[PDB]
Amino acid sequence: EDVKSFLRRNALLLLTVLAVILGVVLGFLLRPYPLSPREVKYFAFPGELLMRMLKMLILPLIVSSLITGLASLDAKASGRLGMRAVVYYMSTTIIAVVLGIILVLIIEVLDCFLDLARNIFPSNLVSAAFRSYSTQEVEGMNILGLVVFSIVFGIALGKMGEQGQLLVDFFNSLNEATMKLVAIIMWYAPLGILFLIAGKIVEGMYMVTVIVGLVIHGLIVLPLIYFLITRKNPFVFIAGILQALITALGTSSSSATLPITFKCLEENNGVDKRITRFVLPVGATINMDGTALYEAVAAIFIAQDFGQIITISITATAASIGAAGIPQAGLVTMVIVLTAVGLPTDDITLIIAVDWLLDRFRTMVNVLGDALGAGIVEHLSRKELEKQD
Ligand SMILES: COc1ccc([C@@H]2C(C#N)=C(N)OC3=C2C(=O)C[C@@H](c2cccc4ccccc24)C3)cc1
Ligand SMILES: N[C@@H](CC(=O)O)C(=O)O
Ligand code: NA
């Protein structure tokens, strides 16, 4: 009798779950039909509108969250909160790349660094909102440039007392208002996910290695870390951020699923806005546990000496940090890990075909790390938030 109350309460949660079930069924059913590449794009259009909607809100979401969030905290507490984040991010990505290396043993590069330094320091803030540098400015928002600028701006506003308050208040209203619009987007999400995944399925031992490896990291490593740190049941936490994971599986972008990761953690998991505004936008771009595991697996897979296996763990953690929270950013950053060891970069072409499905899974682990990461930081920074009340 207690399942009718579950269906009433979890209406939206189960709808997107059904959207995956119906989407996989529809996609395989429509796959024998030849269609056209143009026709596939037409078919997947309801999934495209969901991407346009989510993408729309990331700019006001990142900028307003970091400016308010860092102004909300004292600069020394921001460093303490920050040290908790960076220490967590680096350990979890090192834990994943080591796990990744173990599983496989059982079964223009300078320009890349310069371009990244260039994006950390945008020469124009208006363009940074829709363009990124690529050696000379390719289309596509500079999330890293804005993340960095907002952090320095947020610290500055906190440091300027009351004169600062007006702009903190301005940006707080702008965050709550964009968060009110993601409530709307969420109802379209089941229709979008169905079409976004059905189109992608309308198109070996390696693919299984990552899939199993991400289950060990995602469902065993990360939860036991959260339990060991907070002493709270981690699988109930994962149930709250479920809509955010199912959307990561659909979009394959951790920057596009950030507004929904915000709605879940803030509400469903009841995490502090002060720390979600701090953790989640930074975690979206730099904390990529699932990508790190995939970088290591693929670098060793194409090879199919220990001091150069040491360079793989260093460059796979390096690529993990660099790679944008945008779909297919994984194999584009494989150039850094393939070059460092000495393997030919042209081998990336062998992976490309199956990569799409692995991307959806590694995005879920990249989001899951930020979700559990915020829960861990919130708990550790208990006193800092206690003081600001
Ligand atoms: C790759 O890009 C990043 C950017 C940020 C961060 C950390 C983070 C998270 N999560 C957030 N929200 O803020 C700060 C972080 C610090 O560790 C340092 C922290 C900080 C505290 C006090 C004064 C600062 C002055 C300048 C920059 C950061 C400062 C801010 C890590 C990597
Ligand atoms: N698409 C992934 C990044 C990657 O492809 O490595 C994400 O946004 O989490
Ligand atoms: Na990254």
# chains A, B, ... in the order shown; residues from 1 in each chain; ligands from 1
$ residues_near_ligand --ligand "ligand 2" --cutoff "8 Å" --atoms "only C-alpha atoms and all ligand atoms" --output "count of residues only"
30
$ residues_near_ligand --ligand "ligand 1" --cutoff "8 Å" --atoms "only C-alpha atoms and all ligand atoms" --output "NGL selection string"
:A and (66 or 69-70 or 75-86 or 144 or 147-148 or 151-152 or 155 or 277-283 or 285-286 or 321)
$ closest_residue --among "A:105, A:202, A:371, A:156" --to "residue 29 of chain A" --atoms "only C-alpha atoms"
A:202
$ select_by_dssp --residues "segment 94-331 of chain A" --states "alpha helix (DSSP H)" --output "PyMOL selection string"
chain A and resi 94-104+109-120+125-128+143-158+161-198+205-216+222-230+234-240+242-251+258-263+273-285+289-303+306-322+329-331
$ residues_around --residues "residue 183 of chain A" --least-positions-apart "2" --cutoff "12 Å" --atoms "only C-alpha atoms" --output "ChimeraX atom specification"
/A:12,53-54,57,176-181,185-189,259-264,267
$ write_last_selection --atoms "N, CA, C and O atoms" --output "PDB file, in the first residue's frame"
ATOM      1  N   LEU A  12       7.915  13.226 -10.701  1.00  0.00           N
ATOM      2  CA  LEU A  12       8.920  13.712 -11.645  1.00  0.00           C
ATOM      3  C   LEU A  12      10.147  12.794 -11.707  1.00  0.00           C
ATOM      4  O   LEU A  12      10.578  12.449 -12.810  1.00  0.00           O
ATOM      5  N   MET A  53      17.627  25.327 -23.135  1.00  0.00           N
ATOM      6  CA  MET A  53      17.064  25.805 -21.871  1.00  0.00           C
ATOM      7  C   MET A  53      18.073  25.776 -20.729  1.00  0.00           C
ATOM      8  O   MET A  53      18.273  26.807 -20.088  1.00  0.00           O
ATOM      9  N   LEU A  54      18.709  24.602 -20.481  1.00  0.00           N
ATOM     10  CA  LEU A  54      19.706  24.398 -19.419  1.00  0.00           C
ATOM     11  C   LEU A  54      20.925  25.282 -19.630  1.00  0.00           C
ATOM     12  O   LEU A  54      21.360  25.918 -18.671  1.00  0.00           O
ATOM     13  N   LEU A  57      20.586  29.202 -18.680  1.00  0.00           N
ATOM     14  CA  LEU A  57      20.740  29.484 -17.270  1.00  0.00           C
ATOM     15  C   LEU A  57      22.141  29.281 -16.674  1.00  0.00           C
ATOM     16  O   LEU A  57      22.357  29.774 -15.574  1.00  0.00           O
ATOM     17  N   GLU A 176      18.389  33.560  -7.004  1.00  0.00           N
ATOM     18  CA  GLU A 176      17.082  33.045  -6.610  1.00  0.00           C
ATOM     19  C   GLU A 176      16.106  33.033  -7.791  1.00  0.00           C
ATOM     20  O   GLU A 176      15.369  32.058  -7.938  1.00  0.00           O
ATOM     21  N   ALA A 177      16.134  34.099  -8.644  1.00  0.00           N
ATOM     22  CA  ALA A 177      15.286  34.250  -9.833  1.00  0.00           C
ATOM     23  C   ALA A 177      15.657  33.248 -10.918  1.00  0.00           C
ATOM     24  O   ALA A 177      14.758  32.696 -11.555  1.00  0.00           O
ATOM     25  N   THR A 178      16.962  32.986 -11.133  1.00  0.00           N
ATOM     26  CA  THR A 178      17.326  31.997 -12.147  1.00  0.00           C
ATOM     27  C   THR A 178      17.033  30.605 -11.582  1.00  0.00           C
ATOM     28  O   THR A 178      16.598  29.730 -12.327  1.00  0.00           O
ATOM     29  N   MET A 179      17.151  30.436 -10.254  1.00  0.00           N
ATOM     30  CA  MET A 179      16.815  29.169  -9.620  1.00  0.00           C
ATOM     31  C   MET A 179      15.299  28.892  -9.717  1.00  0.00           C
ATOM     32  O   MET A 179      14.882  27.732  -9.722  1.00  0.00           O
ATOM     33  N   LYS A 180      14.482  29.964  -9.827  1.00  0.00           N
ATOM     34  CA  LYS A 180      13.032  29.854  -9.979  1.00  0.00           C
ATOM     35  C   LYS A 180      12.693  29.372 -11.388  1.00  0.00           C
ATOM     36  O   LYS A 180      11.704  28.661 -11.561  1.00  0.00           O
ATOM     37  N   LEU A 181      13.539  29.710 -12.379  1.00  0.00           N
ATOM     38  CA  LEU A 181      13.334  29.285 -13.758  1.00  0.00           C
ATOM     39  C   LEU A 181      13.701  27.813 -13.993  1.00  0.00           C
ATOM     40  O   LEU A 181      13.073  27.189 -14.841  1.00  0.00           O
ATOM     41  N   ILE A 185      12.057  24.390 -16.154  1.00  0.00           N
ATOM     42  CA  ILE A 185      12.899  23.541 -17.035  1.00  0.00           C
ATOM     43  C   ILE A 185      12.769  22.051 -16.693  1.00  0.00           C
ATOM     44  O   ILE A 185      12.715  21.218 -17.598  1.00  0.00           O
ATOM     45  N   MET A 186      12.696  21.738 -15.381  1.00  0.00           N
ATOM     46  CA  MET A 186      12.573  20.399 -14.796  1.00  0.00           C
ATOM     47  C   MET A 186      11.339  19.601 -15.237  1.00  0.00           C
ATOM     48  O   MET A 186      11.377  18.367 -15.222  1.00  0.00           O
ATOM     49  N   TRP A 187      10.243  20.290 -15.589  1.00  0.00           N
ATOM     50  CA  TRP A 187       9.034  19.621 -16.053  1.00  0.00           C
ATOM     51  C   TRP A 187       9.184  19.209 -17.502  1.00  0.00           C
ATOM     52  O   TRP A 187       8.594  18.217 -17.910  1.00  0.00           O
ATOM     53  N   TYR A 188       9.990  19.942 -18.273  1.00  0.00           N
ATOM     54  CA  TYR A 188      10.240  19.620 -19.669  1.00  0.00           C
ATOM     55  C   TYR A 188      11.250  18.496 -19.754  1.00  0.00           C
ATOM     56  O   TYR A 188      11.195  17.710 -20.704  1.00  0.00           O
ATOM     57  N   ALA A 189      12.166  18.419 -18.759  1.00  0.00           N
ATOM     58  CA  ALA A 189      13.251  17.433 -18.673  1.00  0.00           C
ATOM     59  C   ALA A 189      12.847  15.978 -19.049  1.00  0.00           C
ATOM     60  O   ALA A 189      13.517  15.443 -19.935  1.00  0.00           O
ATOM     61  N   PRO A 259      22.420  23.540 -13.095  1.00  0.00           N
ATOM     62  CA  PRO A 259      21.209  24.112 -12.476  1.00  0.00           C
ATOM     63  C   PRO A 259      20.346  23.072 -11.755  1.00  0.00           C
ATOM     64  O   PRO A 259      19.772  23.375 -10.700  1.00  0.00           O
ATOM     65  N   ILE A 260      20.295  21.833 -12.299  1.00  0.00           N
ATOM     66  CA  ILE A 260      19.520  20.740 -11.712  1.00  0.00           C
ATOM     67  C   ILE A 260      20.286  20.126 -10.517  1.00  0.00           C
ATOM     68  O   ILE A 260      19.639  19.689  -9.562  1.00  0.00           O
ATOM     69  N   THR A 261      21.641  20.182 -10.517  1.00  0.00           N
ATOM     70  CA  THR A 261      22.453  19.707  -9.385  1.00  0.00           C
ATOM     71  C   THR A 261      22.271  20.685  -8.217  1.00  0.00           C
ATOM     72  O   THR A 261      22.263  20.281  -7.055  1.00  0.00           O
ATOM     73  N   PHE A 262      22.049  21.967  -8.545  1.00  0.00           N
ATOM     74  CA  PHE A 262      21.778  23.006  -7.568  1.00  0.00           C
ATOM     75  C   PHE A 262      20.427  22.749  -6.917  1.00  0.00           C
ATOM     76  O   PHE A 262      20.397  22.606  -5.702  1.00  0.00           O
ATOM     77  N   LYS A 263      19.337  22.595  -7.716  1.00  0.00           N
ATOM     78  CA  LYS A 263      17.973  22.318  -7.221  1.00  0.00           C
ATOM     79  C   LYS A 263      17.874  21.077  -6.306  1.00  0.00           C
ATOM     80  O   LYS A 263      17.144  21.105  -5.315  1.00  0.00           O
ATOM     81  N   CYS A 264      18.607  20.002  -6.640  1.00  0.00           N
ATOM     82  CA  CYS A 264      18.615  18.763  -5.869  1.00  0.00           C
ATOM     83  C   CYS A 264      19.282  18.947  -4.530  1.00  0.00           C
ATOM     84  O   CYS A 264      18.622  18.768  -3.518  1.00  0.00           O
ATOM     85  N   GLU A 267      17.550  21.666  -2.227  1.00  0.00           N
ATOM     86  CA  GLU A 267      16.260  21.172  -1.734  1.00  0.00           C
ATOM     87  C   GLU A 267      16.313  19.749  -1.190  1.00  0.00           C
ATOM     88  O   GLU A 267      16.478  19.570   0.016  1.00  0.00           O
TER      89      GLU A 267
END
$ residues_around --residues "residue 338 of chain A" --least-positions-apart "6" --cutoff "10 Å" --atoms "only C-alpha atoms" --output "CSV table (one decimal) with N, CA and C atoms, in the first residue's frame"
chain,number,residue,atom,x,y,z
A,295,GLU,N,40.5,8.6,-18.7
A,295,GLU,CA,41.8,9.1,-19.3
A,295,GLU,C,42.9,8.1,-19.1
A,296,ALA,N,43.0,7.5,-17.9
A,296,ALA,CA,44.0,6.5,-17.5
A,296,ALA,C,43.7,5.2,-18.2
A,298,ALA,N,41.9,4.6,-21.1
A,298,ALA,CA,42.1,4.8,-22.5
A,298,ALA,C,43.6,5.0,-22.9
A,299,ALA,N,44.4,5.7,-22.1
A,299,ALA,CA,45.8,5.9,-22.4
A,299,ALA,C,46.6,4.6,-22.4
A,300,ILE,N,46.2,3.7,-21.4
A,300,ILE,CA,46.8,2.3,-21.3
A,300,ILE,C,46.2,1.4,-22.3
A,302,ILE,N,45.0,2.1,-25.5
A,302,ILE,CA,45.6,2.3,-26.9
A,302,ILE,C,47.0,1.6,-27.0
A,303,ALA,N,47.7,1.6,-25.9
A,303,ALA,CA,49.0,1.0,-25.8
A,303,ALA,C,49.0,-0.5,-26.1
A,312,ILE,N,51.5,9.0,-16.6
A,312,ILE,CA,50.1,8.8,-17.0
A,312,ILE,C,49.2,9.2,-15.8
A,315,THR,N,49.4,13.1,-15.7
A,315,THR,CA,48.8,13.8,-16.9
A,315,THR,C,47.3,13.4,-17.0
A,316,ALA,N,46.8,12.3,-16.4
A,316,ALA,CA,45.4,11.9,-16.4
A,316,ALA,C,44.6,12.8,-15.4
A,344,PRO,N,51.0,7.6,-30.1
A,344,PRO,CA,50.5,8.6,-31.1
A,344,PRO,C,49.1,9.1,-30.9
A,345,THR,N,48.9,10.4,-31.0
A,345,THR,CA,47.6,11.0,-30.8
A,345,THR,C,46.5,10.6,-31.8
A,346,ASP,N,46.9,10.1,-33.0
A,346,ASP,CA,46.0,9.7,-34.0
A,346,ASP,C,45.1,8.5,-33.6
A,347,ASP,N,45.6,7.7,-32.6
A,347,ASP,CA,44.9,6.6,-32.0
A,347,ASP,C,43.5,6.9,-31.4
A,348,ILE,N,43.3,8.2,-31.0
A,348,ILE,CA,42.0,8.7,-30.4
A,348,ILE,C,40.8,8.3,-31.2
$ atom_distance --atom1 "atom CA of residue 5 of chain A" --atom2 "atom CA of residue 235 of chain A"
20.5 Å
$ closest_residue --among "A:173, A:165, A:233, A:93" --to "ligand 3" --atoms "only C-alpha atoms and all ligand atoms"
A:93
